[PDB]
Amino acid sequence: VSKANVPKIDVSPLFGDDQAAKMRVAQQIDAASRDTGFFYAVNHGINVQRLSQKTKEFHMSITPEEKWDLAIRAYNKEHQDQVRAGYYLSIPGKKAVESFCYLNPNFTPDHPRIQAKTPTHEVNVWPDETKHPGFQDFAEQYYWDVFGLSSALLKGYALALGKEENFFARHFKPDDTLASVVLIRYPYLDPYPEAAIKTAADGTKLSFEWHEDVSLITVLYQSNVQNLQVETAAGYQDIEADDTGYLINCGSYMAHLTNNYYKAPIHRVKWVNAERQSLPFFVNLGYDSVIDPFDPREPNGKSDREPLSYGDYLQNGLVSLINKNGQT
């Protein structure tokens, strides 16, 4: 098994005003997006050691009582309003992974999309402040930190495609973004439950099967344990881990609006029996956001693809991924 070429891109110019320097970052984003589809963003300015420490404290101290109280509908029939946001329980002896998902902190009972009961909008659920002091403050702060990084990355993607730098970012707004953070624990277990390991066609033992992401882009921080593979024409290649950088890739909405010029890379998660964290931020736009598809290969950029509202895309895509790869 060979190793993927995943470049490290200093994204710090994307926060500045040196336009030539932004263009040089954009070129590197374009090159990586047309190759394996992944790159590491470095010099990003986020305190990832505090991110990992506070996430670890939460996963290790939450009790079965609290997990039931936070559980999404798939694990708790009482919580009909929690499809996305809440706790995704492990099943001892059967399912190893457990996770906690939260959405835009601005989604409150007073928010108009919540009042309208619009699909894919939910109010976050949180543990008791006295049992997890400072956790909600940290998690909401983190949402806006990675929102900021993601805004800057979207400027790079726009310039890479020959668009003005706000082409995507204008649709990525704090008041309505459907972006989510998932705090995922992959545990060390001895014996490891065989029901939690899948075998791929090529014999590789997996924790999560091949998929494309449901996102515009995905902005991922992982601890320093190698696990991801990306599909190429010549087979799957290992993505090296780096627990100081953010791993970036496009989701299938980008592939749609660029007529597959920037593909959504197919990737999968190898089984590794090690305690590790996986903290993705899925960059989603607003429910009514529509970007006219274009084709950068054509002089006039003309595309025959239909515009797709981000809300409809997200609703269909989340259901599809559960049905293909299972309830997480």
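C-alpha atoms forming the largest set that superposes within 1.5 Å between two forms make up the rigid core. Start at 1 with the first residue shown and count on from there.
Which of the two stretches, 296-304 versus 29-37, has its Cα atoms farther on average from this form in 8 other deposited structures of this protein when everything is superposed by the rigid core?
Checking 296-304 against 29-37 in 8 other deposited structures of this protein, I find the farther stretch is 296-304.
On mean Cα temperature factor in this entry, is 144-152 or 188-196 the higher one?
Comparing 144-152 with 188-196, the higher mean C-alpha B-factor belongs to 188-196.
According to the deposited model, is the average Cα temperature factor higher in 92-100 or in 124-132?
Result: 124-132.
Among 232, 222, 80, 249, which carries the highest Cα B-factor?
Highest CA B-factor of the listed options: 80.
For the listed 137, 209, 240, 213, which has the peak Cα B-factor recorded in the PDB entry?
So the option with the highest C-alpha B-factor is 137.
Modelled-residue ranking by C-alpha temperature factor, third containing residue 296
According to the entry, residue 296 has a C-alpha B-factor in the chain's highest third.
Split into thirds by Cα B-factor across the chain's modelled residues, where does residue 34 land: lowest, middle or highest?
Answer is middle: the recorded C-alpha B-factor places it there.
Quick check for you: using the entry's CA B-factors within this chain, is residue 203 in the lowest, middle or highest third?
CA B-factor rank for residue 203: highest third.
Relative to the other modelled residues of the same chain, rank the CA B-factor of residue 14 and answer lowest, middle or highest third.
According to the entry, residue 14 has a C-alpha B-factor in the chain's middle third.
Residue 270's Cα B-factor: lowest, middle or highest third of the chain?
Its C-alpha B-factor belongs to the lowest third of this chain's values.
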